[PDB]
């Protein structure tokens, strides 16, 4: 015989303080026992399991399950308890490759490694913990006891240990054949290259010879799997990729469940279909969680859906990555906090697309959202391609410069160019850095009774202009905003405003262009109409004139 290299076992432990599982074996039907005995007899012959003596205290339940329209049985061991007690492992299967990061391949061949899959040796010291019992016929004899010698299907460490073992034997082949790629998924190996077909098939045969050194045979037969591959919700083709078919149901009535499913499909679709929007549809899921509850669609949701149906009307494919070319990312504002993007190398051929939604908060602006979108795309691109794309952004260079230089926070976006593609992101207002000569000065204030919720807001000016308005169902913070609103409303195109409100300053210094607060929105609307606005803060209760006068007026 030909000596083969053994697979070194991975040492395994239970979690600290925990012992192995001891779980009662369910009674089974006479025929299930007979079928399990047959199955285990064969498995034992292959060295996968061994009979053990009475001294092993451990047990895990075993079941027999029908082949469903066939007569045959399969053994299922329920490892739930042992899994709870087994140490954590390094999980490599997180970090799924994105198709848009793959490189085109002329050939991709699949090899069946299924016989390795069930044959990986298990750490000798851990085997005792895998003990199981075939119940005896009539229970007039001791059950037949076995333990595993190999990684059992369903056990916590099997995927990680099989993956690490396979990678280790593949490493020298990969390293010494830089002209191919190899990827393992379940019991298959996928080997791609650009080689002339003859050379490719030679590489495949050499790979088979390499695996033979560990005793791993692969079928001489021609694999049934061919490109295109259905993989992780994608279609992979030699020169292009897409998501598997996305078909949106028509329904006269929609439930919470149907909406979650609809949004899921749309989210999945958005990585290739440009312009997908989920805002209005996602809303219908706010609160609730009663699953069978039917939600009437708003007109807004109907429109969003119709827009999506149009986008999904015919198939769209992405191309693969060419490392020799720059990555370009282009972004568009879609409205209602929604942003959409395309990443490409050559014009009109996207590698992938995607979307970004505005974060939750009381106030926001387009520039901040655009910035967040840029950071997200950047991070994604590092993951997929290992570099930042060059950005094309619908914001003028001068607008960006005015923004970042004056914004209270440090902020940055990487190399980018303006693309003139409405709607453009712009600054709706900017406050003065110095008080305005010749502009009327409004000293504003407001106050409310916390019990009755009664309040007042108003102003007094250097021209003797004055206003005080009575208010109901209000708060101190609200009256402070109301007072600023009145001064904006009653002044000319240039105005100086003096407030003691740290709350109002905090909001205005954040430069929102939109707010969940009705009042902030009205304030923003007024600011947009001004030519010049200087906002001055002073401390309350200090005897600062015009602030004290209006404080007295509004305090009732």
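Positions refer to the first chain, counted from 1.
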Comparing mean C-alpha B factor in the record for 461-469 and 193-201, the higher one is 193-201
With B-factors read from the PDB entry, the higher C-alpha mean of 391-399 and 114-122 is in 114-122
For 352, 450, 85, 98, the deposited C-alpha B-factor is largest at 450
Among 240, 313, 208, 325, where is the Cα temperature factor highest, going by the PDB entry?
313
Among the chain's modelled residues, which third holds the C-alpha B-factor of residue 53?
highest
Taking the entry's C-alpha B-factors for this chain, is residue 533 in the lowest, middle or highest third?
lowest
Among the modelled residues of this chain, does the Cα B factor of residue 496 put it in the lowest, middle or highest third?
lowest
Third of chain Cα B-factors occupied by residue 61
middle
When the deposited Cα B-factors of this chain's modelled residues are ordered and cut into thirds, is residue 510 in the lowest, the middle or the highest one?
middle
